[PDB]
Structure formats: C-alpha cells, structure tokens
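A single chain, nothing else alongside it, follows as structure tokens in the form deposited in one PDB entry.
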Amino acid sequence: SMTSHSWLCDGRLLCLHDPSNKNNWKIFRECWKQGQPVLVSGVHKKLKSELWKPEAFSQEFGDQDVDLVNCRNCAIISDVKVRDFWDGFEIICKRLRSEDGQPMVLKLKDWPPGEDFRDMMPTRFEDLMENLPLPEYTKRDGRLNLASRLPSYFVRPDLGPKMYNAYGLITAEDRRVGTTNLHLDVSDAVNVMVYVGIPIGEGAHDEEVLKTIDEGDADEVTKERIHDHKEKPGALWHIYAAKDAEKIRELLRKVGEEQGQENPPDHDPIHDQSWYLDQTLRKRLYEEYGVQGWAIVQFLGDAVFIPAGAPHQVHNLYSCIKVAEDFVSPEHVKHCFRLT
C-alpha cells in the first residue's frame, strides 16, 4: 500500500514516491547533505503525455539540421535532418544503417542547442518546470537555489533545461559502451525520464536488457520493479560520491598507461569524458581503491538527483527522452567556488 518513501541500493538510496508532496524536503535534506543521489518516482503522471512523444518532435521540428553520434564507435554523422533521428526512435526498419548494414545506435547531439529549449518549446518548458520535484531546490527562483544569487567567484549554470535523446544499446558487445561517458558537473542537477520507447522489428530484445541490469550490479529490489509492476526501464546509471573523484582519476591514469595511452601524470580522465566503467573496471575500482558507487535504473517518470562534483555515467537500455535542470543547493555550493 501507499508510503512516503522506500530504499534502493540496499538502504543507500532514498526513493520518494509522491513527486509533489509539500513534506518531501523533511526526508530529502539529510540524504542530500551527506552527498547521496536521490530518486523520485511518478513524475510522468503529472505531465501532459501528448507533449513528450517522438512523433510530435518529428512533426513540429523535423526540418532542423543537427549532428548525431554513433554510440558504438563515436563516429559523428554531420548535418542531417532531425526527422532522420526521430523517425527511427522506436521503428528499427527506419533507422540509419552503418556500412556493415546494421541499424545504428544513435545519440542526438546538443538538441535543442545551447540555451534555446525555452524559446523553441515554451509549452514543454512550462509542463516540465511546474512539475519538478523539490521545487524550493529545483525552480529557477526557488528559495534554496543559489544560482541567481551568487557572485562571479562561483561558476554559474547555463539557463536550462537541456534535452538528452538517444536510442537503446542492444547487443552483448554494447554492454561495455556508454550513452554518456563518465564525467562530473560543478552544479547539482535533476534528470527526468519523460518517455521510454520499446522498439519493434528486432523487437523482443528483453532478455539482454535483464542481463545488462544484472551485470550492472542492480539491487534485488530494483529487479522486482520489472518482474512485479511491469514499469518501463529507460537507462542504467552509475554515480560515485564527489569525495571519490580523485581515486577514480588514479584508476583511469593506471588503465590508460596499461593500454598504451601516453598521458602526462596530471591529465584529468574524468574531464576528458572518454571512459565508460564496464563490469571489469567497476570491480577493479572496488577491489583496488575501496570505492563503491550507486547502480540506478531510471524507469519512465523517475527523476534522478545528481550531487555537484559526483562522477556519473549513463547507459540507455531502451530509447530515452530525458530532460534535466541544473540548480545550486547550499549543501554543495563548495563544488563551484573558484578559489582554494
């Protein structure tokens, strides 16, 4: 029956159940003070579902010019129509094919571009911003959002939100690649899964999704959300505490060296955004450096709260539309300060 919250990651991750509850801050704020990520479920039930479909984006914006990335090999597909991405989002037989004749796993780069989301999509902007959880933290004008209140001694976030659109990774070989590589942000962020597309053609690809979640180190309760309630899983995240960022840099310098990269001893493999931690590298981080992370499956309507300074990576299971907003909480403002 209905409850305020539950725990994932064996007690280490807060899951809030009611996204608009005026009392959520009472449960949120101690987990957030400790540097933990937080999950909030149910945001899809608050949104106008017609605004967030792949077919509407194609119909309304399809003649815009964009670049795509081939997630398998990082090859850039320059200066194509955005309809060429959207029309293959769920229908595999419409997808652009690589030279080997296979349908590609594509990411749409920087769309809408820079800060243009609000100008290009005013009705979507209103629908998202009015339904974000923890609104004193996440709204542009929230009382606990310092973004508009800080001097130039602090790195300030760009005007958001930002959309993140990409197909699902499909094969056993795809398990070792990221949709978004390991990186960190100096602001806090909330990332909302507004649509999950489960394809058709080569549709029935449900067994390799279970193997990816299992190999991804997902907890036993997370595995129950599929088997028992038939929720749509979108993406597998790994998030690490901000305090563990330098130990992760030491691991990736050592692995770069082993693989014959020629790197100065101070170079920053996290800022480079060139690594995805696969099962092998995650085990090595735990065993050799004593660092544990949070493995998080983001279902349709889940909002993931990512603490400033926390290294994180994203692997899409199915085709995803995500929308994210940056904010600056008082708990984590040290991470954007420009001195010492």
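From 1 onward, residues are counted along the sequence shown.
There is another form of the same protein, the form deposited with a small molecule bound; it is not shown, and what comes next is about it.
Contact residue in the deposited complex, chosen from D87, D127, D174, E231 - any heavy atom within 4.5 Å of the small molecule: Looking at the other structure, the residue within range turns out to be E231.
Listed residue that, although the small molecule is not shown, lies within 4.5 Å of it in the deposited complex (heavy atoms), from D214, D206, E257, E202: The residue from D214, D206, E257, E202 that makes the contact is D206.
Per-stretch contact check against the small molecule in the deposited complex, the hit in 144 to 152, 112 to 120, 129 to 137, 221 to 229 (non-hydrogen atom, 4.5 angstroms): Result for this chain: 221 to 229.
Partner contact for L210 in the deposited complex: the small molecule, 4.5 angstroms, heavy atom: Residue-level check for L210: yes, a contact with the small molecule.
Heavy atom of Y318 within 4.5 Å of the small molecule in the deposited complex: It does: once the small molecule is placed as it appears in the deposited complex, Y318 has a heavy atom within 4.5 Å of it.
Contact label in the deposited complex: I198 to the small molecule, heavy atom within 4.5 Å: Contact with the small molecule, yes.
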